């Protein structure tokens, strides 16, 4: 997360760190007692042996894994979206099963899915979080980073990303001036929007042109388009 700040303990109890080979590579979002939503590209090429992935729930700081609020879980099933296209980056979403269920605490809670036509309108501030790089091509965060980013229209996002195919399966967020954005290591994590004092998983952190550049927004897989598919696992 570029231009964010340190999240407090228990700020985003749905945020999950995904470890492969003892390295935190991607984020994820807890959506039930045993299912995570993440990005397909995180797990592409590494889904045949799901027990190579470890989810750390209730994580705040990577340098304090052994604290009472954290819970580790091996993944025993990974289901990439059947319409995932690697080259075009479309439908960049995946389901990941926890081998054993988690009990909910102040630090571990599921995030609500959107309603199937739910509108998170352009100009509204939503939130992002993760342990990814803090500047483009820089170092990873120790403490979980958070930031607020305003949503774009898909038309405006397409104009700003003419080298990419911005589809209806994507939602974009970023500042005109840059400075605040997701980055490498944050993918698979949430874009969360609040409405009526309830947080909703509006997006899954997917891609962009570098990070934090002016008029180069974060592109997120639009979760409302996959609600029905996600709900079939729960």
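Positions refer to the first chain, counted from 1.
Chemist: Averaging the C-alpha B factors as listed in the entry, name the stretch that ends up higher: 18-26 or 5-13.
Modeler: Comparing 18-26 with 5-13, the higher mean C-alpha B-factor belongs to 5-13.
Chemist: Name the higher of the two by mean Cα B-factor in the PDB entry, 144-152 versus 90-98.
Modeler: Taking the mean C-alpha B-factor of 144-152 and of 90-98, the larger value falls to 144-152.
Chemist: Determine which member of 188, 179, 203, 45 has the highest CA B-factor, using the values in the deposited entry.
Modeler: That would be 179.
Chemist: Out of 157, 111, 71, 79, which shows the largest CA B-factor listed in the entry?
Modeler: That would be 71.
Chemist: Comparing residue 126 with the other modelled residues of its chain, is its CA B-factor in the lowest, middle or highest third?
Modeler: Its C-alpha B-factor, which the entry lists for residue 126, ranks in the middle third among residues of this chain.
Chemist: For residue 170, does the deposited CA B-factor place it in the lowest, middle or highest third of the chain?
Modeler: CA B-factor rank for residue 170: lowest third.
Chemist: In terms of the CA temperature factor given in the entry, to which third of its chain does residue 38 belong: lowest, middle or highest?
Modeler: According to the entry, residue 38 has a C-alpha B-factor in the chain's lowest third.
Chemist: Using the temperature factors of the C-alpha atoms in this entry, rank residue 193 within its chain: lowest, middle or highest third.
Modeler: Residue 193: CA B-factor falls in the middle third of its chain.
Chemist: Please say which third, lowest, middle or highest, residue 59 falls into when its CA temperature factor is compared across its chain.
Modeler: Highest third of the chain for residue 59's C-alpha B-factor.
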